[PDB]
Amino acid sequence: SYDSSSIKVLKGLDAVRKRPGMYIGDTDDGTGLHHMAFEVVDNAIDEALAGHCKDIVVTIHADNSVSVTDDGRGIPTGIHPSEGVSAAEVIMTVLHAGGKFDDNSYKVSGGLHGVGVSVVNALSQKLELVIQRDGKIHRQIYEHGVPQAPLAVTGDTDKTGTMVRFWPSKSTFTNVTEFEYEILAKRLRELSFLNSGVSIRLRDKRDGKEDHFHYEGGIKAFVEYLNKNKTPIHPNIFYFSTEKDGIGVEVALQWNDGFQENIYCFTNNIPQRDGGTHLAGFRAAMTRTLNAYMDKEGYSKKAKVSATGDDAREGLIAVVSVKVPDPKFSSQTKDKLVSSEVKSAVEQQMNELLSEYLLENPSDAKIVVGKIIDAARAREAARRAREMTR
């Protein structure tokens, strides 16, 4: 009997527990598990972006919990004017609640949805919250999303910042259930390249391992690092950082002699495994710019048409980092940027500055166009050989 009592409402965090996938991604291959840590880390990184945080510590504890400590402003502690409990508690227990729905507290931020830490709380058997703010230490404990008592002041302090420690639910995550040092490390190293002047430490209390990331060279140094165990074919890394029409676009790239294409895209420091409109603008700009270059440098009809752009990306390492008010992602996990204004921002900036670069670095230009022509001839030899077997 299908009727009005067959309609069930999942209230609060219950929905996240029932359908974790639409919030956190894959709960079985370990990626959603680490995404839990990434949501908390992103909150700290958003405090750094805002200029308030200079120090982040990520700890893997021996009981397989993870804590994230920052010296940012501290999650607000005051009673929320509508909910009647501390804003910290609102943040932990209510989906789509946060300070990132306007641009008053964070000019630009990666959190966006207002669900990150509440999702972490929902999917944790326990969460420990310590906030240093206004000269006070506030503490609260959650067990399966439920506060054990009101947020309480337990001591004095002269510091500001937030510590969140969480113990992931045994029920929710299957297969990969233990945090992997290296996944956390890769992410925190790239965050250090993205955020000069923020100290990011990673500590593993299970085996004593630790790391301290504080790279200064920004995404140039990032491209250099990514090319470390490869062979760059040209010495001058292309780099620029611009802000136009409210959108920041930062790009660094360099070719090696390998045949792989590695383009890392970020939006407000959030990585996009599936690319999107920044990567699309990047590709369009690269293709247009290299074709213009080969035309004005008088390459043959057939050598320029030869060059596809999929040829141009062989050997390519590139980092594309955009800063956007209100980006749009096509999922909670933000794997793909779908803000269409970003495509034209990246494409325009990159067309201009990459043109310049090719003019200003003729040696790099000749080398790279050579690589591209080689890649094209390889592709063509492969095609003809394929048709020969037919």
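Sequential numbering from 1, following the sequence displayed.
- If you average the C-alpha B-factors over 42-50 and over 359-367, the higher value belongs to 359-367.
- Relative to its counterpart among 111-119 and 245-253, 245-253 has the higher mean temperature factor, C-alpha atoms as listed in the PDB entry.
- Residue-level inspection of the entry shows that, of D71, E89, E128, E261, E261 has the top Cα B-factor.
- Taking the deposited Cα B-factors for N268, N291, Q272, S169, the highest one is held by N291.
- Annotation for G12: CA B-factor lies in the highest third of the chain's modelled residues.
- Per the deposited record, the Cα B-factor of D26 falls in the middle third when ranked against the other modelled residues of its chain.
- In this PDB entry, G99 carries a Cα temperature factor that places it within the lowest third of its chain's modelled residues.
- Per-chain ranking of the deposited C-alpha B factor places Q348 in the highest third.
- Residue-level temperature factors show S340 in the highest third of its chain, judged at the C-alpha atom.
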